[PDB]
Each structure stands twice: as structure tokens, then as C-alpha cells.
Enquirer: 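One structure follows; several queries about it will come next.
Ligands are counted one by one from 1 in listed order, and the atoms in each one are counted from 1 as well. Below, chains carry the letters A, B, ... as their sequence lines are ordered, and counting in each starts from 1.
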Amino acid sequence: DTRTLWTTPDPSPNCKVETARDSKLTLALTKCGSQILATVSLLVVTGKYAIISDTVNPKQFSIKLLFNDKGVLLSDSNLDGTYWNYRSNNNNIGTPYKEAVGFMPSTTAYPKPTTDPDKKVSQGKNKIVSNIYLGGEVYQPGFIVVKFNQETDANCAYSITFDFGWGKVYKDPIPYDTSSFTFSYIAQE
Amino acid sequence: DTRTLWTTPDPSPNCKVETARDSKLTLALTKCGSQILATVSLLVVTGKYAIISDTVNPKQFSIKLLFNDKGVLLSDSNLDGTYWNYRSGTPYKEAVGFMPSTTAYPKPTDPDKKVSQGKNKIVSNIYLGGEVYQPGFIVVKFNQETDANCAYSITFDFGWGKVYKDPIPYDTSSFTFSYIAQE
Amino acid sequence: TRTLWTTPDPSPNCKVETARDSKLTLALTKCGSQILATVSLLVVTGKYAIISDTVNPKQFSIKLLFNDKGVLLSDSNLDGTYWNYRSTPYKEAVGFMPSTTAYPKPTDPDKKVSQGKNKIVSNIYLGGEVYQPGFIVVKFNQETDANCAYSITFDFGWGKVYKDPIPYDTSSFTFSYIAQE
Ligand SMILES: CO[C@]1(C(=O)O)C[C@H](OC(C)=O)[C@@H](NC(C)=O)[C@H]([C@H](O)[C@H](O)CO)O1
Ligand SMILES: CO[C@]1(C(=O)O)C[C@H](OC(C)=O)[C@@H](NC(C)=O)[C@H]([C@H](O)[C@H](O)CO)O1
Ligand SMILES: CO[C@]1(C(=O)O)C[C@H](OC(C)=O)[C@@H](NC(C)=O)[C@H]([C@H](O)[C@H](O)CO)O1
């Protein structure tokens, strides 16, 4: 199974940061055996975070992908599942996938939050944190935090959360339009 | 198709930073279905950018890989095509499966019709000599070139911002990235 | 397309300061000529379990040493008991070793040897907090210990001043490298 689960090529806004349809998430997940190879980028098109500066607060927001136990996207997700499907060479434009457990983050590697020091649960392991760059400009750093299975909303079985933000002080407003970020994670199966 | 398209892993000088073949670009592209997994590193061997310090300007340069509509490297590229080929000296005829998607990364009123300028770039620190106190940067850009009537392009911008009074070689740590494939 | 790993939820399996004082989670997945990797470290006891600006040095090394069949040597910081293919200890994993052509063991300007290409360097973030950067350095084939044929070394550290002590508990880090075969 070398398939890809992705945000579909429809050019419409597909995601909610603050309100419905205010952003365009690009996400591709490709199965490489027991690891998923991923690339993600975000463009906020309208609303509070479309153009940012130091007077905007807070300087972080969250995009949640919540999945049930078959790996299907739940309607409480920030991503509109209208735009979430397997990439295909055929015409699955109108056929939603039924199962994608092999694309879910492992709940053994990344367990949901729930005395021996050797039994201490890692707080870092379920997160991937890096700079991204607004407009792809080296002098416009922001950040991305990818989180695995840290959500409980909608009785989800699995979750992938993207927290986007920034810390550098910006006087002139700049679009929140991120460079693409590559990451990988251990798959459920 | 799980093949690799690369420079070979230990290339002779094959790339132009300032003058032809003044550097060694090691680049491997591995097809994982419709996403490409890539690793890149650059050693400048001669000329202006072989040994850098704060007196060198400008502190950024561009390496363009330009492809036709079959995914074949055009001779106007900074990278020499002589040993750019599949891992296996007959030149390849087709590599469209390794090109960056022009739907995901297209060439350059309604806010819902706004186009992302960030998504076709990957920006990160790299570290000269692999030392944590010698940061530089890399910018990978997909399909942003139009030279030589290219159908696809991958551009690497390398540079640095930190002040280096004691000179050091422009010799990058390896950088991993991925991108959505054309097919 | 197989995976070689520590298992995804390992018990203490790694030596930072003393044996089994830390939990290294490492998965290597073969994608043809490249290996795709994810790594994270939790130090659970000892000097580096809870770090601060008084701790020195602010860097330590975790060495994975392999013989010519890609089998982990006992001199490695990582214990080999649960280092195996995902589902008997494995007999061969040369396909998971970093290339000695891309990343030669240490030994005319057009014949200068790159010092950077065998290293991958990035920030990781302790507890996954954006305000707690540390760093990771991955090094290929740079060790000579135990007459190893291949090596992967992880140097972890930090530079930011932390006056309030915090666990050395890294965010996950993804990298890739050219495989030996
Ligand atoms: C002044 O400090 C920064 C900046 O502009 O904010 C820090 C930034 O790095 C981080 C991690 O934010 C860095 N970008 C990269 C990709 O290295 C730039 C860059 O080096 C110069 O702009 C080149 O002239 O310098
Ligand atoms: C002083 O600031 C820097 C530096 O040397 O320039 C910034 C640099 O980070 C960036 C993004 O350039 C950082 N390197 C990493 C990999 O984190 C080092 C490092 O923390 C110390 O050298 C350890 O002693 O510190
Ligand atoms: C003040 O400087 C730092 C910090 O806290 O040390 C630098 C750090 O980046 C590096 C390369 O270490 C950065 N983290 C990321 C992931 O970008 C944070 C962050 O932007 C703010 O904490 C948000 O409020 O700011």
C-alpha cells in the first residue's frame, strides 16, 4: 500500500481557522510501510489570521483532524472532509474512502493523554515542532506544531493537530501563508 | 515505481554556484508513490563561495534544476546533467513521476481565489560542517523558474546570515525534504 | 519497505550517562535507496533527565554501531534486545545502513572531502514546547569504536538558558539518508 491521502485539487478554501472557509490547507500523507511521509502547508485567506502583525493575539491557532476507528475524518474537524480523499488515477472524485487505519498515527507510539521514572510518559514524542517561513521568506519565521492523538473531541479514535503561530515581532502586516513542511510518523498498522 | 533519481552519491564537481563545476551537489530523489523523498547537500569546492566569511557578498546564491515536459534536465541548469540519472550511462528518457506537481505547485480580487506563495517553497536552516554554531539556510522552490521554457523546476537557494569572522567552508549538512509528485 | 525499530513504546533501552537511563524511540523504514527515519529521546533518570543552565556539558552522544551485516554491536549506547524488524534477532540489515559511498568513514580542491554531508542538524523542542529549543545532530559512519563497519550517532543538546529545570524530552525528528544498498 503506497497510496496517498490528501487534500484534493479543488482550489476552494477547505479549512476553518476562525470561521468556515477562511483557509486552504495542503496536506499529503503517503504510506511507506509502517511510516507515513507527510507534507503540509497553510494559507489563511480571510479573517483574523489572513494578515498578521505583532498586534494580533493570540499568536497561535489550531487545526484539528479528528478520525474515527476506520481512519475516516469526523465532521468536527477543522478540515472540511469534502476535500479529503485518496489520490487516485481513476475517478474517485465522488467516492469517499471507507478505511485508512494504515494512515493513522500509532496509538502505541503516540498514546492519548491519560510513580516509576522508567514509566514516565514522554510529552515531546507525540509532537513535531519546527520553524516554517511566511511567504517562504527566510526573514519571516513562524512555527508549526504537529500533534498525534492528543485530541478527545467527537470521541475520536485518532487525531492529527496542526498548531500554527509565530513569535518574531512584525511591524508590517504579512499574509499567513506558510512554506511547506515535511515530517513523518509511525503508522497504526 | 520506487526508483531513485540522483547525482550519484559521491559526485565529482557537477554544479555551478559562481562558475561551472565549482561545487559538488549531492541530491537523491526517491519516489514513494505520489510523494518524492529527497536528500540534498552542497560542498562548494572552488571560487568565491568555497570559503566564506562576513566580507563575502551577496550571502545567497541559486542553483536551478530545469526540466522539460518529460522530466529531462535542461542544459541551462546549474547542475551538470552528465551523471544525473536513475540508480541502476545511457541518459534517461522520462522522469515525469519525479517532477513537482504543477497542480500542487503552479508556476507564478476574490480572497477565496488567493494563491499560496509559501507552499511551493521549503525553508530551513542547514549547518556548515554540521556544526550547531554555524547555521546557514536552504530554500527549495518548486516550479518557480521559467528559463529555457522549462515545464518543471527545482531551485535550491543557499545562503547564510550569521557573522563569520573566522572563515569557514560552505559545506552543508544534509537536508531532508519531500514534495507532491506530478504523477 | 520493511521497518527496523526500537519498538514504538520501548522500556528504558539507552545509555546517556548510565545504562538504560533513557528511552530512545527510533524507526528506520526502507524506501528503496533512501531510509526514512523518525527519532525521539526521553531521558528518564540521571544527570540529563532534568536539565538547566547549570548542567555541563550541554551535549551528549548516543552511538549505534553496526558490523558488516548491519547487526548492532554491544558497545552501542542503544541496547539491542528489542532492536529488530517490525512484526528472533535479525541476521542482516545492510539495506538499512548509511552508504559508505555517500558518507565515507573519516580518513586538490576537487578532491576535498565534505565534512557536512554525513551530518543532519536541526532544532528539536523539549516537551514539544516552541519556547524550549534544543538540538539534534545525526551523524553517519563517523565512529570507529568496536571496529564497526557502519554507524549512526545522535548528539543531543541545547544552548538556550533554562533557569527553571525541564525534562530532556524531545519532540520527534524526521530525517532520511542514502542507503548502502
Ligand atoms: C535575523 O535572524 C533571522 C531573521 O531574519 O529573523 C533568523 C532566521 O532564522 C530563524 C530560525 O528564525 C534566519 N532564517 C533562516 C532560514 O536561517 C534569518 C536569515 O539568516 C537572514 O534573514 C538572512 O539574511 O535571520
Ligand atoms: C548562539 O545561537 C546559536 C548559534 O550558535 O548561532 C543559534 C543556533 O540556532 C540557529 C537556528 O541558528 C543554535 N544551533 C542549534 C542547532 O540549535 C546554536 C546552539 O544552540 C549553540 O551554539 C549551542 O551552544 O546557538
Ligand atoms: C524567542 O525565541 C524563540 C524561543 O522561544 O526561544 C526561538 C524559537 O526558535 C528556535 C529556532 O529556537 C522559537 N520557536 C519556534 C518553534 O519557532 C520561539 C517561538 O517563536 C516563540 O517562543 C513563540 O512565542 O522563539
Enquirer: Taking the six-membered ring for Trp, are A:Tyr158 and A:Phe67 ring centroids under 6.0 Å apart?
Expert: no

Enquirer: Below 6.0 angstrom between ring centroids: does that apply to B:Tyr49 and B:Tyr170?
Expert: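 Aromatic pair excluded; centres sit 6.0 Å or further apart.
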
Enquirer: Given B:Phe175, which partner from the list B:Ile138, B:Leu42, B:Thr39, B:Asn125 fulfils the side-chain contact (heavy atoms from CB on, under 4.5 Å) test?
Expert: B:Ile138

Enquirer: Please determine whether a side-chain nitrogen of the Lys or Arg among A:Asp54 and A:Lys171 lies less than 4.0 Å from a carboxylate oxygen of the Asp or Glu.
Expert: no

Enquirer: Quick one: do B:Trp160 and B:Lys59 satisfy side chain to side chain contact (heavy atoms under 4.5 Å, CB included)? Show the steps, please.
Expert: CA-CA 6 Å; B:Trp160 74 101; B:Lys59 293 188 171 61; 3.5 Å; yes

Enquirer: Between B:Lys16 and B:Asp22, is there a side-chain N and carboxylate O pair less than 4.0 Å apart?
Expert: no

Enquirer: When you pair each N or O of ligand 3 with protein N or O atoms, which pairs come out under 3.5 Å?
Expert:
{"unit_1": "ligand 3", "atom_1": "5 (O)", "unit_2": "C:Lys160", "atom_2": "NZ", "d": "3.1"}
{"unit_1": "ligand 3", "atom_1": "6 (O)", "unit_2": "C:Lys160", "atom_2": "NZ", "d": "2.8"}
{"unit_1": "ligand 3", "atom_1": "14 (N)", "unit_2": "C:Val130", "atom_2": "O", "d": "2.9"}
{"unit_1": "ligand 3", "atom_1": "17 (O)", "unit_2": "A:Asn131", "atom_2": "ND2", "d": "2.7"}

